[PDB]
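The next block holds one structure in the form of structure tokens; read it before the comments.
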2 protein chains.
Amino acid sequence: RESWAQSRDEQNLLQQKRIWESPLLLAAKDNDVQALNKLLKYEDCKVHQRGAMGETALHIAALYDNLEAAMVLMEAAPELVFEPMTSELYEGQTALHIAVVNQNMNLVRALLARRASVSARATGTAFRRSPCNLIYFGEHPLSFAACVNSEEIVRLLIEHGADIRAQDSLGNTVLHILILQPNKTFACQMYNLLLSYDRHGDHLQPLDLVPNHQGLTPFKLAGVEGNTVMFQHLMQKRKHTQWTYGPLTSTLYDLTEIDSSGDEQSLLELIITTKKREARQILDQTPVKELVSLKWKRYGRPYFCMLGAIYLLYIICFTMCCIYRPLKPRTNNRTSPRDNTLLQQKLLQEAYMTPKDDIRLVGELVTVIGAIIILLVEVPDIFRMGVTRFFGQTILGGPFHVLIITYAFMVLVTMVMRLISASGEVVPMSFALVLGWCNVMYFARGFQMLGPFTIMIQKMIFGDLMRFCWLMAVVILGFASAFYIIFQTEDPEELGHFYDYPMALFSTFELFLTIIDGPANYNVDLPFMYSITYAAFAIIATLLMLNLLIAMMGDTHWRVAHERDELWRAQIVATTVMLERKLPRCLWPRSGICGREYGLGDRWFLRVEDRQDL
Amino acid sequence: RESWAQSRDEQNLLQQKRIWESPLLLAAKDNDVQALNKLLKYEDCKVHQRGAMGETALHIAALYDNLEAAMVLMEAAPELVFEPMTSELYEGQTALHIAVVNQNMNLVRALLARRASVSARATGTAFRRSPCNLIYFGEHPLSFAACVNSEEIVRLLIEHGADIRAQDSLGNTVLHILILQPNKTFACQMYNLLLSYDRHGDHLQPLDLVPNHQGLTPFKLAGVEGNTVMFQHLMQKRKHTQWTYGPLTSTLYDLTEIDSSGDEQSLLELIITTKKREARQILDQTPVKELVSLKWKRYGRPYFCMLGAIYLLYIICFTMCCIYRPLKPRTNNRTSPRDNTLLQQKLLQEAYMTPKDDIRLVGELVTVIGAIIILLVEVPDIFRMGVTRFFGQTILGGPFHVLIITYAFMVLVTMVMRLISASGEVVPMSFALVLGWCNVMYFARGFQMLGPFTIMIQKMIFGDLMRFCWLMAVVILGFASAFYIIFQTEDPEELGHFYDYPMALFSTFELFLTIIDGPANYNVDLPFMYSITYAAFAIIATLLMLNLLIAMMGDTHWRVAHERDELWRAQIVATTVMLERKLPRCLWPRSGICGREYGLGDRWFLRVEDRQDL
Ligand SMILES: O=c1ccc(CN2CCN([C@H]3CC[C@@H](c4cccc(C(F)(F)F)c4)CC3)CC2)c[nH]1
Ligand SMILES: O=c1ccc(CN2CCN([C@H]3CC[C@@H](c4cccc(C(F)(F)F)c4)CC3)CC2)c[nH]1
Ligand SMILES: [Ca+2]
């Protein structure tokens with residue numbers, strides 16, 4: 001958790017004590033090549049002693065890039081280079097690593113010439129990909145050399161038996177490490193160099209078709225981490241051009257790793273299922289934007305709006321089935337205490353025998369069957385994915401996959417409330433209408449006009465109104481309790497705005513939004529400490545809190561106005577792919593033209609053409 | 001429609017199969033001039049075979065700019081250059097075209113030297129001016145040469161019999177093609193070169209007075225497409241200067257093609273009758289801004305505001321004629337069921353015999369005659385123009401040409417409702433007053449103060465309030481149905497805010513805008529599921545939806561604040577010209593001074609003078 005930082009830093013301090021109380025090893029921290037020549041020549045002053053992190057005297061000579069003190073330890077001890085560190089923080093790191101990390105060294109001549117091992121995996125905990133190590137350099141020695149942009153070490157290291165195809169404990173190869181580097185441009189140049197040494201290809205999956213232990217090619221990994229620049233360079237192999245015609249030209253894109261091939265994941269699946277921001281920016285690039293906007297124009301909006309009309313037809317025969325709820329006059333003759341009760345219907349229990357009530361038995365049997373169809377296409381998607389996917393990817397957009405569960409759950413209650421004839425049946429029917437109709441708004445994303453205005457709401461309910469509601473809640477029960485002990489010494493027959501304490505909570509909340517009338521009788525003197533504390537209420541309620549909330553809502557609008565126009569194009573892809581998965585193969589043709597008729601293979605293709613002025 | 005793209009791209013793939021299964025023709029795609037020399041020398045290996053798009057082996061040698069493979073096909077086949085392509089996509093395109101499109105070639109030496117035809121019209125469907133071809137290059141070979149900015153082909157091609165004055169199937173000449181190019185600056189230079197080769201002028205309409213099949217000169221076409229830069233260069237011939245005097249100077253403008261000459265269209269007519277945005281920017285240029293602002297200052301505002309005072313005097317004697325509507329006491333003695341009906345007048349039918357009611361017979365005969373005058377000056381403008389002109393140019397400004405039809409239509413109803421004495425006569429009179437008075441706002445454009453604030457409304461009613469009204473409509477009948485099944489088990493004598501379902505639709509809509517009081521009785525316990533769902537209503541109604549709508553309305557204001565100040569100057573020209581067309585010649589003098597007194601001709605003129613510091 002947190003004390004792991006408190007144990008890591010003490011290792012760094014403990015090194016400086018072991019570098020201090022050690023005679024030859026402090027001479028290794030400096031040059032001291034006259035003294036370290038003499039400090040070695042003794043009876044029992046062995047070089048295998050280790051500091052805090054389990055480190056030899058050669059490493060310290062390397063870690064402070066002292067070449068003269070390095071070679072004397074090699075000349076006096078030939079076994080010393082075969083020696084990795086043995087801490088739990090650093091582990092398996094040899095002396096070849098550090099001279100490579102310092103990116104400019106002639107010691108890499110010497111350590112290679114004394115037959116160092118170029119396959120020492122450095123799987124210590126200071127090298128795993130986590131947001132606590134500030135580097136991610138991989139494990140192998142040539143993996144470090146590429147990672148710090150030093151070609152002259154890479155060409156030297158590959159010449160003496162370095163294996164390109166060596167993966168890591170994370171599973172990634174040399175080239176996956178190059179994608180998620182922060183210094184993006186210098187990786188793209190040297191990516192071309194590392195690809196060249198793959199020749200003869202080992203007659204199988206040559207270099208950049210191999211997945212990792214998490215299961216991605218280098219091309220797909222460029223998508224998810226959001227490296228925009230490397231995604232440009234990886235399309236250069238994948239596309240190949242056609243005829244050119246003045247300033248007009250046309251190309252073909254490979255497309256074999258974009259759309260859904262089978263049950264395997266696609267790239268467009270991986271883009272929308274991440275929490276990052278830079279990754280979703282990749283949609284506007286030239287071989288993917290054409291694929292999306294063609295996919296939603298000819299097979300999108302028809303099969304979305306026809307899903308829209310069915311669902312609007314569903315609730316309009318649920319609401320019509322609702323308001324014909326059966327009743328009867330009441331038979332208990334104005335029971336528990338009178339004049340402060342008014343209800344007079346007390347729900348009918350089982351009488352359907354009517355030539356009219358048969359029609360509701362159709363309409364009830366419409367919406368209950370509809371509640372079963374909702375639960376059969378979401379509950380199989382809960383168990384197939386993780387449990388934290390629906391609270392998981394909800395920020396892209398996911399309240400609507402929670403509401404339409406709760407809509408189906410409440411309709412499934414009101415038939416259990418009907419089959420045994422309970423009393424309080426107006427509770428789930430009330431939630432059914434408010435949660436039902438607000439899921440019409442799920443279809444308010446396949447339209448340009450009332451599109452991104454929906455996303456502006458979701459980014460504000462889980463936004464400034466959640467921010468405002470707390471400081472609304474603290475004041476609203478502050479003054480209400482201060483109102484309640486004023487009018488408690490009063491008869492509520494006239495100006496009984498609040499007689500009971502769970503009404504002054506409600507009668508102040510209505511008053512805070514100015515949707516009720518403000519308490520006045522004008523006929524009898526309502527008490528004095530009302531009229532001072534009501535005026536002091538209305539200043540910090542109507543004149544301050546209510547319309548500060550429009551000021552910060554106006555300010556928070558334009559500072560996300562460019563982000564929401566990306567959120568919409570992100571949401572429209574996620575509607576397309578989710579619509580793609582459920583529709584069968586008898587509908588929904590695959591996008592783009594095919595092979596097997598043109599001498600291209602089994603892979604599909606897409607073309608596009610444009611003007612490239614000069 | 002859309003599958004025409006699905007048939008176009010398959011032609012491009014089918015070419016790559018025909019380039020593949022053809023031995024000499026693939027050798028034409030590369031150079032292969034050693035092999036193609038031998039591939040021709042056979043018995044039956046003729047060169048007239050055609051690929052997918054009906055194309056010969058010379059074209060493929062041209063389309064991949066292979067000069068060596070081009071000349072061997074000419075040397076072995078002299079007839080081969082006389083050969084256009086025969087697809088439906090490309091049609092009539094010869095081998096001279098492609099070497100010209102590639103803009104740098106020595107094959108245009110050779111194809112001309114073997115007597116190619118420089119008048120092969122390429123009227124295939126991949127060359128028509130439509131928003132699906134990314135080019136518009138015209139049809140003729142020198143038309144292509146100018147279009148890609150290569151003078152050295154133009155001077156070569158004009159020297160061997162090229163005809164400048166050759167129009168196209170669209171009707172446009174060489175020079176109309178130069179105006180609507182996208183690379184604007186390079187057209188303006190070479191426009192001067194193409195004008196030079198018109199000499200001897202063919203003693204009639206020399207080069208840039210000829211219209212097209214759509215009917216425009218090059219000067220007027222520069223207006224409508226909105227090419228600002230070419231409009232500067234075309235005024236250089238048209239104006240001619242006068243005396244210069246230090247930093248002060250004065251010029252004259254030609255003006256013979258700006259104002260309305262006769263029944264023919266003017267340029268100012270063509271500017272306001274387009275849907276584009278760049279074209280309406282041309283108004284601020286120096287020979288047109290002076291013409292407008294002088295035209296509206298001395299013959300504008302008088303004949304606009306006098307139209308304003310007549311119309312305000314019209315409705316103020318319609319409203320005065322309205323509220324003296326005749327009545328009587330009622331004679332049916334409180335019919336169909338009592339206490340839930342209140343009306344007590346039941347309109348008088350034909351009695352006008354009164355010394356006072358004669359005055360209304362004047363006032364009724366004022367406004368009915370006024371309704372006839374409205375219909376006699378718009379219905380002749382429907383049939384003379386297209387039917388989709390009033391829904392057509394309405395975005396510039398046109399609701400007011402629809403309302404004042406509907407005003408006249410409703411007043412014409414209420415006399416038919418009077419001549420046969422129907423009952424429900426308050427319906428068209430009510431629409432007459434609300435639609436009548438809102439057409440006073442048509443005159444709110446000839447004033448600086450309450451000017452562009454009108455256009456801010458039209459860009460918002462057909463804007464964010466149309467955006468807001470849908471998500472207002474979905475919630476407003478959501479909660480209302482949820483309110484209706486709560487108070488259905490209640491006697492509406494006390495807190496009968498809504499008893500019937502087409503009142504809870506209305507009583508919630510009033511409540512959503514907080515213009516009613518909020519339901520409270522404080523005396524009898526109104527039910528529990530009200531008070532929870534009312535508070536959850538008011539948060540996403542008064543605190544969220546209502547005042548988000550002011551936040552996005554504040555944000556959408558300043559991002560069109562510069563556009564509306566162009567819309568106003570656009571609207572004021574359209575008021576001037578529409579006022580110009582209807583007023584006779586006995587009024588409204590033509591703008592600017594005349595000829596025939598100064599040795600200038602029959603054309604009119606305008607002058608202006610300014611300072612040109614250094
Ligand atoms: O008695 C009750 C108690 C709670 C409620 C809850 N309603 C239901 C609808 N939304 C909820 C659920 C959906 C979610 C939401 C609403 C509107 C628009 C969006 C979005 F995402 F489209 F912006 C999301 C938040 C509150 C407002 C309150 C009604 N009635
Ligand atoms: O019972 C009804 C039913 C419909 C109506 C329609 N009115 C009529 C007037 N405008 C309409 C028509 C004009 C148009 C408009 C109004 C004001 C200002 C402008 C503009 F263009 F100047 F901004 C345009 C839109 C709604 C509001 C509603 C009234 N009464
Ligand atoms: Ca009130």
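Labels used: A, B, ... for chains in the order of the structure tokens, numbers from 1 for residues in each chain, and numbers from 1 for ligands as shown.
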
#### Entry: Within-9 Å residues of ligand 1, basis only C-alpha atoms and all ligand atoms, as an MDAnalysis selection string
(chainID A and resid 397:400 402:403 427 430:431 433:439 441:442 444 453:462) or (chainID B and resid 471 475 479 482 529:537 539:540)

Output file for the residues above (C-alpha atoms, as a compact mmCIF listing (two decimals), in the first residue's frame):
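Contents of the output file result06.txt:
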# COMPACT_ATOMS: atom_id res chain seq x y z
CA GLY A 397 -21.56 5.72 -21.10
CA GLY A 398 -23.22 3.28 -18.76
CA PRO A 399 -26.10 4.51 -16.54
CA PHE A 400 -28.49 3.22 -19.17
CA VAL A 402 -28.22 0.02 -15.00
CA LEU A 403 -31.58 1.75 -15.37
CA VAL A 427 -44.84 2.11 -5.26
CA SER A 430 -44.54 4.85 -9.88
CA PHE A 431 -40.90 3.89 -10.25
CA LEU A 433 -42.96 5.19 -15.19
CA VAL A 434 -40.19 7.51 -14.13
CA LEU A 435 -37.40 5.00 -14.76
CA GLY A 436 -39.10 3.75 -17.89
CA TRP A 437 -39.52 7.04 -19.73
CA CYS A 438 -36.06 8.24 -18.83
CA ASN A 439 -34.68 5.27 -20.77
CA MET A 441 -33.16 9.13 -23.58
CA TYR A 442 -30.80 6.22 -24.34
CA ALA A 444 -30.91 10.32 -27.80
CA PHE A 453 -26.64 17.68 -25.14
CA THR A 454 -27.41 14.34 -23.48
CA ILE A 455 -23.75 13.84 -22.59
CA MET A 456 -23.65 17.34 -21.13
CA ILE A 457 -26.21 16.15 -18.57
CA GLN A 458 -24.39 12.94 -17.56
CA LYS A 459 -21.23 14.98 -17.08
CA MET A 460 -23.12 17.28 -14.71
CA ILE A 461 -25.37 15.03 -12.62
CA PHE A 462 -22.19 13.20 -11.73
CA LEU B 471 -35.75 16.31 -23.45
CA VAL B 475 -39.50 14.08 -18.65
CA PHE B 479 -43.45 12.43 -14.03
CA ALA B 482 -46.28 9.14 -12.27
CA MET B 529 -45.20 8.60 -2.70
CA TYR B 530 -46.06 12.10 -3.85
CA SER B 531 -43.65 13.77 -1.49
CA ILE B 532 -40.68 11.62 -2.38
CA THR B 533 -41.22 11.78 -6.13
CA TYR B 534 -42.00 15.46 -6.11
CA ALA B 535 -38.70 16.33 -4.49
CA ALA B 536 -36.86 14.10 -6.93
CA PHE B 537 -38.76 15.88 -9.67
CA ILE B 539 -34.05 18.61 -8.57
CA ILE B 540 -33.86 17.46 -12.18

With only C-alpha atoms and all ligand atoms counted and 10 Å as the cut-off, give the residues of chain A in contact with ligand 3, each with its shortest interatomic distance in Å and the pair that gives it, as a tab-separated table.
residue	atom	partner	partner_atom_place_in_ligand_line	distance
A:514	CA	ligand 3	1 (Ca)	9.0
A:515	CA	ligand 3	1 (Ca)	7.8
A:516	CA	ligand 3	1 (Ca)	6.3
A:517	CA	ligand 3	1 (Ca)	4.6
A:518	CA	ligand 3	1 (Ca)	8.1

Next, dump the selected residues to file, keeping only N, CA and C atoms, as an mmCIF file, in the first residue's frame.
data_model
loop_
_atom_site.group_PDB
_atom_site.id
_atom_site.type_symbol
_atom_site.label_atom_id
_atom_site.label_comp_id
_atom_site.auth_asym_id
_atom_site.auth_seq_id
_atom_site.Cartn_x
_atom_site.Cartn_y
_atom_site.Cartn_z
ATOM 1 N N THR A 514 -37.523 27.978 -4.548
ATOM 2 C CA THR A 514 -38.546 28.992 -4.831
ATOM 3 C C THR A 514 -39.721 28.442 -5.631
ATOM 4 N N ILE A 515 -40.042 27.163 -5.465
ATOM 5 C CA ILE A 515 -41.157 26.574 -6.182
ATOM 6 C C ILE A 515 -42.415 26.542 -5.339
ATOM 7 N N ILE A 516 -42.390 27.125 -4.146
ATOM 8 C CA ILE A 516 -43.593 27.377 -3.377
ATOM 9 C C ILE A 516 -43.617 28.842 -2.981
ATOM 10 N N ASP A 517 -44.625 29.198 -2.205
ATOM 11 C CA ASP A 517 -45.134 30.555 -2.276
ATOM 12 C C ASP A 517 -44.465 31.467 -1.259
ATOM 13 N N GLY A 518 -43.788 30.904 -0.274
ATOM 14 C CA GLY A 518 -43.234 31.710 0.784
ATOM 15 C C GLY A 518 -44.284 31.999 1.833
#

### Message
With DSSP run on the backbone, what are the helix (DSSP H, G or I) residues within region 494-538 of chain B? I'd like them as a PyMOL selection string.
### Response
chain B and resi 501-512+528-538

Let's have the selection written as a short mmCIF file (atom, residue, chain, number, x, y, z; two decimals), in the first residue's frame, with N, CA and C atoms.
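After the write, out.cif holds the following:
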data_model
loop_
_atom_site.label_atom_id
_atom_site.label_comp_id
_atom_site.auth_asym_id
_atom_site.auth_seq_id
_atom_site.Cartn_x
_atom_site.Cartn_y
_atom_site.Cartn_z
N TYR B 501 -56.24 12.95 -16.90
CA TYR B 501 -54.91 12.77 -17.47
C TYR B 501 -54.54 13.81 -18.53
N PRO B 502 -55.46 14.37 -19.33
CA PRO B 502 -55.07 15.58 -20.06
C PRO B 502 -55.26 16.85 -19.26
N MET B 503 -54.97 16.80 -17.99
CA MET B 503 -54.68 17.98 -17.19
C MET B 503 -53.38 17.84 -16.44
N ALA B 504 -53.00 16.63 -16.04
CA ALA B 504 -51.70 16.40 -15.43
C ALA B 504 -50.59 16.58 -16.44
N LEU B 505 -50.88 16.38 -17.72
CA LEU B 505 -49.94 16.81 -18.74
C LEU B 505 -49.79 18.32 -18.71
N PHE B 506 -50.89 19.03 -18.51
CA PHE B 506 -50.79 20.48 -18.49
C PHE B 506 -50.30 20.99 -17.15
N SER B 507 -50.73 20.36 -16.06
CA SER B 507 -50.38 20.87 -14.74
C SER B 507 -48.95 20.52 -14.37
N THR B 508 -48.33 19.61 -15.10
CA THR B 508 -46.92 19.40 -14.85
C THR B 508 -46.08 20.35 -15.69
N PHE B 509 -46.55 20.65 -16.90
CA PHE B 509 -45.83 21.57 -17.78
C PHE B 509 -45.75 22.96 -17.19
N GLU B 510 -46.82 23.42 -16.56
CA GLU B 510 -46.75 24.66 -15.80
C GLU B 510 -45.81 24.53 -14.63
N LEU B 511 -45.72 23.35 -14.04
CA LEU B 511 -44.90 23.20 -12.86
C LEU B 511 -43.43 23.10 -13.22
N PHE B 512 -43.13 22.63 -14.42
CA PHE B 512 -41.75 22.46 -14.83
C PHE B 512 -41.06 23.78 -15.06
N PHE B 528 -47.75 9.62 0.53
CA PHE B 528 -46.32 9.62 0.78
C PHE B 528 -45.52 9.54 -0.51
N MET B 529 -45.96 8.72 -1.46
CA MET B 529 -45.20 8.60 -2.70
C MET B 529 -45.31 9.82 -3.59
N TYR B 530 -46.21 10.76 -3.30
CA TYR B 530 -46.06 12.10 -3.85
C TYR B 530 -44.77 12.72 -3.38
N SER B 531 -44.62 12.84 -2.06
CA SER B 531 -43.65 13.77 -1.49
C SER B 531 -42.22 13.30 -1.70
N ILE B 532 -42.01 12.02 -1.96
CA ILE B 532 -40.68 11.62 -2.38
C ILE B 532 -40.48 11.90 -3.86
N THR B 533 -41.47 11.60 -4.71
CA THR B 533 -41.22 11.78 -6.13
C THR B 533 -41.40 13.21 -6.57
N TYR B 534 -41.97 14.06 -5.73
CA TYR B 534 -42.00 15.46 -6.11
C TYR B 534 -40.66 16.11 -5.86
N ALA B 535 -40.00 15.74 -4.78
CA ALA B 535 -38.70 16.33 -4.49
C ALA B 535 -37.66 15.85 -5.49
N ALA B 536 -37.77 14.59 -5.90
CA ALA B 536 -36.86 14.10 -6.93
C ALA B 536 -37.20 14.69 -8.28
N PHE B 537 -38.44 15.14 -8.46
CA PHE B 537 -38.76 15.88 -9.67
C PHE B 537 -38.06 17.22 -9.69
N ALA B 538 -38.18 17.98 -8.61
CA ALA B 538 -37.77 19.38 -8.64
C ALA B 538 -36.27 19.54 -8.74
#

### Message
So, with only C-alpha atoms as the atoms that count, which of A:586, A:52, A:594, A:307 lies closest to chain B?
### Response
A:594

### Query
What is the CA of residue 89 (chain A)-CA of residue 125 (chain A) distance in Å, reported with one decimal?
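Going from CA of residue 89 (chain A) over to CA of residue 125 (chain A), I get 4.9 Å.
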
### Query
What separation in Å, quoted to one decimal, exists between CA of residue 245 (chain A) and CA of residue 144 (chain B)?
12.0 Å

### Message
Excluding region 183-200 of chain A and its own-chain neighbours fewer than 5 positions away, which residues fall within 8 Å of it when counting only C-alpha atoms? Please give them as a ChimeraX atom specification.
### Response
/A:146,149,151,164,175,178,206-207,227,229-230,233

### Query
Do you have the CA of residue 123 (chain B)-CA of residue 92 (chain B) distance handy?
6.3 Å

### Task
Rank nothing, just name the residue among B:524, B:404, B:587, B:99 nearest to ligand 2, using only C-alpha atoms and all ligand atoms.
B:404

### Message
Quick one: residues within 10 Å of region 282-288 of chain B, only C-alpha atoms, excluding same-chain residues fewer than 6 positions away - as a ChimeraX atom specification?
### Response
/B:222-224,226-229,231-232,235,239,252-255,258-259,268,271,294,566,569-570,573,606-608

### Task
Would you mind telling me which residue in A:331, A:7, A:414, A:319 lies nearest to chain B when using only C-alpha atoms?
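That would be A:319, the residue with the smallest distance to chain B.
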
If we count only C-alpha atoms and set the cut-off at 7 Å, which residues sit around residue 61 (chain B), ignoring sequence neighbours fewer than 5 positions away in its own chain? Please answer as an mmCIF file with C-alpha atoms, in the first residue's frame.
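Wrote it out as selection10.cif, contents follow:
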data_model
loop_
_atom_site.group_PDB
_atom_site.id
_atom_site.type_symbol
_atom_site.label_atom_id
_atom_site.label_comp_id
_atom_site.auth_asym_id
_atom_site.auth_seq_id
_atom_site.Cartn_x
_atom_site.Cartn_y
_atom_site.Cartn_z
ATOM 1 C CA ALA B 28 2.970 -1.719 -69.325
ATOM 2 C CA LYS B 29 2.365 -1.056 -65.623
ATOM 3 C CA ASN B 66 6.420 5.493 -67.833
ATOM 4 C CA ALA B 69 7.057 2.016 -72.255
ATOM 5 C CA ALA B 70 4.860 4.702 -73.785
#

### Message
I'd like to know which of B:447, B:64, B:296, B:390 is closest to chain A, using only C-alpha atoms.
### Response
B:64

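Proximity ranking of B:103, B:575, B:167, B:86 relative to chain A places B:103 first, based on only C-alpha atoms.
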
### Query
Between B:201, B:326, B:370, B:463, which is the closest to ligand 2 once you count only C-alpha atoms and all ligand atoms?
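Once distances to ligand 2 are computed over only C-alpha atoms and all ligand atoms, the minimum belongs to B:463.
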
### Message
For residue 23 (chain A), find every residue with an atom within 10 Å (counting only C-alpha atoms), except residues of its own chain fewer than 6 positions away, and show them as a PyMOL selection string.
### Response
chain A and resi 36+39+45

### Message
When you look at residue 85 (chain A) with a cut-off of 8 Å (counting only C-alpha atoms), what residues show up, excluding the ones that are within fewer than 6 positions of it in the same chain? I need them as a PyMOL selection string.
### Response
chain A and resi 53-56+91-94

Could those selected residues go to a file with N, CA and C atoms, as an mmCIF file, in the first residue's frame?
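File part.cif, as written:
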data_model
loop_
_atom_site.group_PDB
_atom_site.id
_atom_site.type_symbol
_atom_site.label_atom_id
_atom_site.label_comp_id
_atom_site.auth_asym_id
_atom_site.auth_seq_id
_atom_site.Cartn_x
_atom_site.Cartn_y
_atom_site.Cartn_z
ATOM 1 N N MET A 53 21.890 -3.399 -1.057
ATOM 2 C CA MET A 53 21.023 -4.046 -2.023
ATOM 3 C C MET A 53 21.664 -5.276 -2.635
ATOM 4 N N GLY A 54 22.698 -5.815 -2.000
ATOM 5 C CA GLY A 54 23.367 -6.994 -2.496
ATOM 6 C C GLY A 54 24.150 -6.707 -3.755
ATOM 7 N N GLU A 55 25.150 -5.840 -3.671
ATOM 8 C CA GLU A 55 25.802 -5.339 -4.868
ATOM 9 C C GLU A 55 27.313 -5.410 -4.727
ATOM 10 N N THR A 56 27.983 -5.745 -5.821
ATOM 11 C CA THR A 56 29.417 -5.949 -5.779
ATOM 12 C C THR A 56 30.172 -4.665 -6.089
ATOM 13 N N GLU A 91 16.883 -7.160 -8.696
ATOM 14 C CA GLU A 91 17.201 -8.577 -8.691
ATOM 15 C C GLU A 91 17.549 -9.007 -10.101
ATOM 16 N N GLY A 92 18.603 -9.803 -10.225
ATOM 17 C CA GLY A 92 19.020 -10.267 -11.523
ATOM 18 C C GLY A 92 19.602 -9.205 -12.420
ATOM 19 N N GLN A 93 20.168 -8.143 -11.866
ATOM 20 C CA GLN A 93 20.766 -7.095 -12.679
ATOM 21 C C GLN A 93 22.275 -7.265 -12.671
ATOM 22 N N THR A 94 22.855 -7.506 -13.840
ATOM 23 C CA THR A 94 24.288 -7.716 -13.946
ATOM 24 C C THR A 94 25.003 -6.408 -14.248
#

### Task
Would you mind writing down, as a list in words, each residue of region 145-307 of chain A that DSSP on the backbone assigns to strand (DSSP E)?
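Matching residues, listed in order: residues 240, 241, 242, 243, 244, 245, 248, 249, 250, 251, 252 and 253 of chain A.
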